[PDB]
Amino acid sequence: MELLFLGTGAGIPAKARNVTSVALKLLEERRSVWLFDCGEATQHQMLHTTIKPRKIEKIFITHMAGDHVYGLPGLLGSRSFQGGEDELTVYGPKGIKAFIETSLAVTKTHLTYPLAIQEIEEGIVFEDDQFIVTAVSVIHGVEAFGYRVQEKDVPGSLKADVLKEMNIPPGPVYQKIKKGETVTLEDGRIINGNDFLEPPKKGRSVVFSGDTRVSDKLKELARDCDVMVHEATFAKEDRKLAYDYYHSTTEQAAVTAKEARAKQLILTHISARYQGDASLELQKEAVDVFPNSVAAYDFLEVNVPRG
């Protein structure tokens, strides 16, 4: 599981930063990648990474904003252009269906795969046995969300060499044991899987605030979270500039992380008004509030380890 930022920009593309799109790699977790927001030219950034279209299972959009979605049409099309048969679900706000649907239609684009578009709302927007992705409304205007990708706890490791020392040959009967199931051994022996198990490994969590003004909702969404990808469009001083555009300030994101007891904070969606010099300044403004902070940047990849 790794975070690979494909565009850390804001408003419009700049040679320094492309418009927003953060990729959550879950290849060894579920064999795929999830994009969060897909600003224009996101597929283009990808051609510089090892992330491949067909490997994207689901795109989550934070709020309808060309710098967050003008990249869907061309991306999905490319996935179809290169084969891709798996299903892809786009999760977004009201408007996302129309946008995607119209774009393909006018372009007479027939997708060689199943496209599920879901216009979400607060609460669980996707869940299975491995992950639970809850969304929430953020301060940036009606139809704006912050997402939390929560990986559910994984089972404890199998005390395999106790099973062996008990003369229980390693084989299928093993995974049944790994599942807590009580089984009957070839020797009419009965053991309770649960007995030979290690305490469960807590699962990772990543949060994407999207575009928003300092919010208490968001604070709660990222509780104890592992990584909170937070947008910091402005420096500390421009507190007013942020409020009016419904954005946030480095120091603001940092307070948020600290208050949420998040483990790490990544500042993204930086405005071109700051330089490759200010970028470390922006970062410092945050580090003074929340030690473990990082100013995201195009192609920065941050692995998320099992704490």
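Just count from 1 along the sequence shown to find any residue number.
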Stretch with the higher entry mean CA B-factor, where the candidates are 87 to 95 and 189 to 197: 189 to 197
Mean C-alpha B-factor comparison - 177 to 185 and 99 to 107, higher one: 177 to 185
Deposited CA B-factor, highest of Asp277, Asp37, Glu29, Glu57: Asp277
C-alpha B-factor winner, where the candidates are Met46, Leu241, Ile61, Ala65: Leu241
B-factor third for the C-alpha atom of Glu165 within its chain: middle
Among modelled residues of the same chain, the CA temperature factor third for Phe131: lowest
Ranked C-alpha temperature factor of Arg204 among modelled chain residues, by third: lowest
Cα B factor band for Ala144 (lowest, middle or highest third within the chain): middle
CA B-factor ranking of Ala10, expressed as a third of its chain: middle
